[PDB]
Amino acid sequence: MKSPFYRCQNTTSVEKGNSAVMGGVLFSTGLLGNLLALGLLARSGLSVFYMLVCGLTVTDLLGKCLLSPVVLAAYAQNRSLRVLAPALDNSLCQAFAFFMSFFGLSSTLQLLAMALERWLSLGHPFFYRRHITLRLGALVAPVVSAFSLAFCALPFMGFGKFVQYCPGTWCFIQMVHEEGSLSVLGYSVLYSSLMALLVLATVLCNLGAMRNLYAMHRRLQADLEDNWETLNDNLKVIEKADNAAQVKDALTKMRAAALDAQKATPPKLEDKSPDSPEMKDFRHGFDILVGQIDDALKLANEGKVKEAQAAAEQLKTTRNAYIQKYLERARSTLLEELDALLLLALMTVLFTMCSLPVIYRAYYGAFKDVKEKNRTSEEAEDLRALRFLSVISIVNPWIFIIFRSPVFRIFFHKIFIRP
Amino acid sequence: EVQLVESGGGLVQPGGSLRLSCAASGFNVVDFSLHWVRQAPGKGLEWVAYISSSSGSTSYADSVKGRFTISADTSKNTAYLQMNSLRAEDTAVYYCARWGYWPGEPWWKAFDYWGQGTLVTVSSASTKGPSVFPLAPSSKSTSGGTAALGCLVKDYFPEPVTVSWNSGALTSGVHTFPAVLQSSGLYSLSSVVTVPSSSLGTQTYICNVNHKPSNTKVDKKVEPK
Amino acid sequence: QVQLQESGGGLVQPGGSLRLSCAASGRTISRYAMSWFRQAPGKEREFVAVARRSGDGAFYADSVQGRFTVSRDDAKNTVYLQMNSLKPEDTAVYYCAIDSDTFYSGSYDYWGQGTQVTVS
Amino acid sequence: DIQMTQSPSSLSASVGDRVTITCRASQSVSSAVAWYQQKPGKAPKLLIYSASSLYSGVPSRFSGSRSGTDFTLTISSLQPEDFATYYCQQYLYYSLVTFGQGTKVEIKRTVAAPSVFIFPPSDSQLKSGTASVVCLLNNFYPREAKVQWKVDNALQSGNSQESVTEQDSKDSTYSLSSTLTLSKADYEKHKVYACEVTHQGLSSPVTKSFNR
């Protein structure tokens, strides 16, 4: 109980700073955000993506609600977390640190599983509908929680140990241990290494999903929208046209466009066989349109123009009656895909940028001897690292509340429409 | 079995008329459309005309429209092409082909069955006889090497002509050239052969020429000078 | 004027190998074809090989084929001749020539200066 | 019209090579493109019917590919019964059908130079009233050759006709004849007649002559 670098280890006298006020206001904000997000999410459910998001939010809310009153009661007696009850000495610190590490690892693992599922569904449709079910996907959160419990129970075995960080309240993983044993340093490096691997895997899955979605967007546009637009433009040209040669030229262009477009494929049911009924209805509509092109061509070869324009009008009628449904479904599916990927990316960047400094602190403070003052260089930096770790559970539901709120949902829809 | 057969080709004067008949067998004309294509001597393929039996639809090419007429009748299962004001650029071989109907697989296979061809010749000339001229080789030169000699079969009409050497005895080293149309409308041809230069082979050479349209058989004996 | 430069050759062991190149000075090769020729000490020039336009092939004489290989690089505007399994009868003065047409009618009128190749 | 250009024109290859022909359209005809094969004095045959589909019966070593408006026919390995002419066609509708130019594929061999012969007009033709001199080129490869006829230091560009045989069955070479015809007004007014022959496999032009 005598150390120069962490001199707050045995100090039971807390400092009367503004730590309690900031802790209280941040806990209040976090609880308000958790409650509001769960209320906004309850009635929509009554997608595997959104049930995973709901499970993540429930785990976060349970963790915050469990850890806040302990610190509140420790501050209530205006003493440290070293001892609050005579029979529970030095156990409050261990419980606090164990739960904090447990919830951090569980949250990271659930974000990784969310991103992996999203990329897989956008990338491997056969494996998407082949194996996983929603009942099978509902049990990942107990699995992740159990694994986090298994990993964070290792310090109780003896390979690692927890230490108290001043003022009187924090408890966390021992970091430097006077450049001593390989046990504590091994635990710290293993922990930060696991977090680094998870962060890198999440970023890789995000990039793979973005590239696959970009590929689907390009394929859809080239296969259907250009052919649709040349059909519509040549219909306008015929409606303006006056001579038979121009009409025959325009109808040759439409024939090429319709044949190419009948070769296309909608973004949904890309796994489906070409003999599926929706595909046959797509093909049947284009067969009727091609036949009417042939009728107008036959009738315009004989020098008569008005009847060619009449058959063009019939083309317009069947075009609206048979074709628009698949195009509309295509674009709606694309917008939903972009929405889900945007939510995943905006959580990923936050997790990485708030989890980096502890990784840096454990990396730099492991392979380095004693240096610089141990009063404000170590302590302020460690308090900063702990604050950046703690920010995760506070701002996690709020950005989701901002994005899914219907008024800002429409505002972002207009923002996306603007370019 | 599926089969297309043409008929009606032959020699016609400039400004004359002809009628080609494409008869189909093993399938019904009523279920397919029919097309006429032609190929000039030494050149490539070229589409001419189109008939659809059910719809009555008819189309012609720009070199042809206004001068040909395509027709059909399903009682006797036949299609016809009528050629009216013929020029010397219309001499060719003509073929007949079919094409299926939309929708489905029958449209995407365009010209899976073709006819057999018929040759149409447009020339204002009367049948003549070939005159045979020797090609006497030069004096005794390249005696160690070899020498060349041939006969000219000149100014005949019409095709074809058969030329043989020593009543068919010589077959190696003989190159008969394809006929060439002169500006006069007649034809010409050359046959040559190479010989070891030992007294021109110590033999005389005899070239024979035939012409069935004129029933002539004239001979030539070639002698070095 | 138009100049052609041939760079290579020398006393090489029997059974050996070599490589020669022709330099396109002046108006450059453009879309022409390149002709490589022998000149024996006691005889007249004989055809060795030719390389035509890029899409088209390369052509060889009877004896030379199976050992040589003719290639080109339009970027540097040069043409290379490769030998293999040399023999005592291969020694001669080697020439590079151009034909001044595009329809492959050989009018070899732009001879270079020669190159002496010695074996044994 | 829909023009469509084919390349090369006279490919030279041997048994076992991989051959590629390119065809190029002026519009978008979708994938409605076909390939045909023709032998001398016969009718065309269909091989590929939808820019990529094999007609029932032709061997599987033929393939077709589309990439935009550029179409490619490939023969992966070659057999002696593949030397023919090959044709391209587009078919977007009944009344609009266009063919390419054709690409004849020949056999590859080693270079030989032409052997030159000359003949003077014979007396049987001399009494008739016309004159005709000839020049023969024998057994040469490649196909390209040039013949000049000259009289008394003056190039002649009057009556000169020319014919070529087909590739021999044995030695795969060419023969070529050039005949020059004139009347007795010009035949007896000049003295010397010369034939000049140039080829790829010929360092200097080969000349032959006769003096009347």
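Residues numbered from 1 in each chain as written, not as in the entry; some residues may be left out. Chains lettered and ligands numbered in written order. Heavy atoms only, no water. Residues with missing side-chain atoms left out of burial classes, pairs and counts.

- For this deposition, the record names cryo-EM as the technique by which the model was determined and cites 2.84 Å as its resolution.

## Remarks on the interface of chain D and chain C
Phase 1: Contacts between the two partners involve 12 residues from chain D and, on the opposite side, 19 residues from chain C.
Phase 2: Buried surface at the junction of chain D and chain C, summed over both partners, amounts to about 1,200 Å²; 52% is from carbon and sulfur atoms.
Phase 3: Broken down residue by residue, the surface that chain D buries against chain C is led by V111(D), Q200(D) and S203(D), which jointly contribute 49%.
Phase 4: Counting across the interface, chain D meets chain C through 1 salt bridge.
Phase 5: Note that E144(D) is salt-bridged to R52(C), the shortest N-O span being 3.5 Å.
Phase 6: Linking chain D to chain C there are 4 residue pairs in polar contact.
Phase 7: Its residues assigned to classes, the side of chain D that touches chain C shows 4 nonpolar, 6 polar and 2 charged. (Contact = heavy atoms within 4.5 Å. Buried area = accessible area lost by both parts, 1.4 Å probe. Salt bridge = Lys/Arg side-chain N within 4 Å of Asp/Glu carboxyl O. Polar contact = N/O pair within 3.5 Å; in protein donor to acceptor, adjacent residues only side chain to side chain. Nonpolar A, V, L, I, M, F, W, Y, C, P; charged D, E, K, R; others polar.)

## A closer look at the interface of chain D and chain B
Bring the parts together and some accessible area is lost; that lost area is often taken as the interface size.
Phase 1: Of the residues lining the interface, 42 residues belong to chain D; the matching set on chain B comes to 47 residues.
Phase 2: Both faces combined, the contact of chain D with chain B buries some 3,600 Å², and carbon together with sulfur accounts for 67% of it.
Phase 3: Among the residues of chain D in contact with chain B, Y94(D), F99(D) and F119(D) are the three that bury the most area, contributing 20% of the side total.
Phase 4: In this assembly, chain D and chain B are joined by 0 salt bridges.
Phase 5: Counting the contacts that link chain D with chain B gives 6 residue pairs in polar contact.

## Some details on the pattern of salt bridges
Residues and elements named next belong to chain A.
Phase 1: Within the structure shown, the criterion is met by 29 salt bridges over all chains.
Phase 2: One salt bridge in this structure joins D339 and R409, with 2.7 Å as the shortest N-O distance. Taken as a pair, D339 in helix α12 (residues 324-364) and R409 in helix α15 (residues 406-417) lie far apart in primary sequence, 70 residues in all.
Phase 3: On the basis of relative accessibility, which here comes to 13%, the residue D339 falls in the buried class.
Phase 4: Beyond isolated ion pairs, a larger network of salt bridges with shared partners links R361, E378, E381 and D382. (Helix = DSSP H or I, 4+ residues; strand = E, 2+ residues; numbered from the N terminus. Buried < 20%, exposed > 50% of the residue type's maximum accessible area, 1.4 Å probe, protein only.)

## A short note on the sheet that holds strand β16 (residues 160-164) of chain D
Residue and element names in this part refer to chain D.
Phase 1: Taken in spatial order, the 4 strands of this open sheet run β12-β13-β17-β16, and their pairing is antiparallel. Each edge of the open sheet carries a strand with a single partner, namely β12 (115-119) and β16. The average undirected angle you get between the axes of adjacent strands in this sheet is 15 degrees.
Phase 2: With 5 bridges connecting them, β16 and strand β17 (residues 174-182) associate as antiparallel partners. (Pairing = 2+ DSSP bridges. Axes fitted to C-alpha atoms, helices over the stretch in contact; angles between N-to-C directions.)

## As for a nonpolar patch on the surface
Residues and elements named next belong to chain A.
Phase 1: A surface patch of nonpolar side chains, about 540 Å² in accessible area, is lined by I399, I402, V407, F408, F411 and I415.
Phase 2: Counting only elements with at least two residues in the nonpolar patch, the list comes to α14 (392-404) and α15.
Phase 3: The greatest single-element share of the nonpolar patch, amounting to 4 residues, is contributed by α15.
Phase 4: Tracing the sequence through the fold places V407 in helix α15. (Patch = residues over 30% accessible without salt bridge, like charges linked within 9 Å, V, L, I, M, F, W, Y side chains within 5 Å. Areas by Shrake-Rupley, 256 points an atom, 1.4 Å probe, with all protein chains shown as cover.)

## Structural notes on the packing of aromatic side chains
Phase 1: Under the criterion given, the structure shown has 41 aromatic pairs over all chains.
Phase 2: Between the aromatic rings of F98(A) and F156(A), the centroid separation amounts to 5.6 Å while the plane-to-plane angle is 25 degrees, which identifies the pairing as stacked. A residue pair is termed long-range when its members are at least 10 positions apart, and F98(A) in helix α3 (residues 91-123) and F156(A) in helix α7 (residues 154-157) qualify at 58 residues.
Phase 3: Residue class for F98(A) comes out buried when judged on its relative accessible area of 10%.
Phase 4: For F156(A), a relative accessible area of 51% puts it in the exposed group.
Phase 5: Residues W99(B) and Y91(D) carry aromatic rings whose centres are separated by 5.7 Å and whose planes lie at 75 degrees to one another, so their mutual orientation is edge-to-face. Of this pair, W99(B) sits in strand β9 (residues 92-99) while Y91(D) sits in strand β8 (residues 85-93), on two different chains.
Phase 6: Of note, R19(C) hangs over the ring of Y80(C), and the distance from its end group to the ring centre comes to 5.0 Å.
Phase 7: The ring of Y95(C) is capped by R45(C), whose NZ or CZ atom sits 5.2 Å from the centre of that ring. (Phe/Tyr/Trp six-rings, centres within 6.5 Å; stacked < 30°, edge-to-face > 60°. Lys NZ or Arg CZ within 6 Å of the ring centre and 35° of its normal.)

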